[PDB]
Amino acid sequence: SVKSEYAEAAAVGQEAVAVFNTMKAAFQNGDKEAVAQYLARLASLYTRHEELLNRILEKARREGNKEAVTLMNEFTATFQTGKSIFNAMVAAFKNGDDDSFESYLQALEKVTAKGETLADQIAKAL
C-alpha cells in the first residue's frame, strides 16, 4: 500500500542518517577515501529515496488524499533543498575545499531535520 511504501521510504531515510554519520566521522578523521565512497552511497540513497517519495505523492494524488498531497508537496520541496546542499557538498569535496564541506555538512543536517518534522503528519494522512 502507500503506507508500506512510506515505511520503506522512512527506512531509506534512516539508512542515509546512518551512512551520513559514518561519513562525518570519516571526514573529521581525515579518511578521504572512505568519504568518497560514503558520498557515492549517499547519492544512490538519495536517488532511491526520491523515487519512493515520488511514487507516494503520485499515489496520494490519484487517491484524492488532499491532505497527504499537501504535506508530501511540502516535504518534497524541503527534501530537494537538502539534495541541492548535498550536491554542493560533493562539489566541495571534489574541489579539496574542507571549509565549505564542513559548512554544508552542518547545513544539510539542519535542513533534513526540518523536513522530518512533517513525517508524523504524513504518516497519519496517507
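One-based numbering along the sequence shown. Here, rigid core means the biggest group of C-alpha atoms that superpose within 1.5 Å across both forms.
Superpose by the rigid core and compare 114-122 with 20-28; which one moves more, by C-alpha RMS, in 9 other deposited structures of this protein?
It is 114-122 that deviates more in 9 other deposited structures of this protein.
Quick check: 42-50 versus 61-69, which has the larger average CA B-factor in the record?
61-69 has the higher mean C-alpha B-factor.
Averaging only over Cα atoms, indicate whether 7-15 or 109-117 has the higher B-factor in the PDB entry.
The stretch with the larger average C-alpha B-factor is 109-117.
By the CA temperature factor listed in this entry, which of these ranks top: 76, 37, 100, 84?
100 has the highest C-alpha B-factor of those listed.
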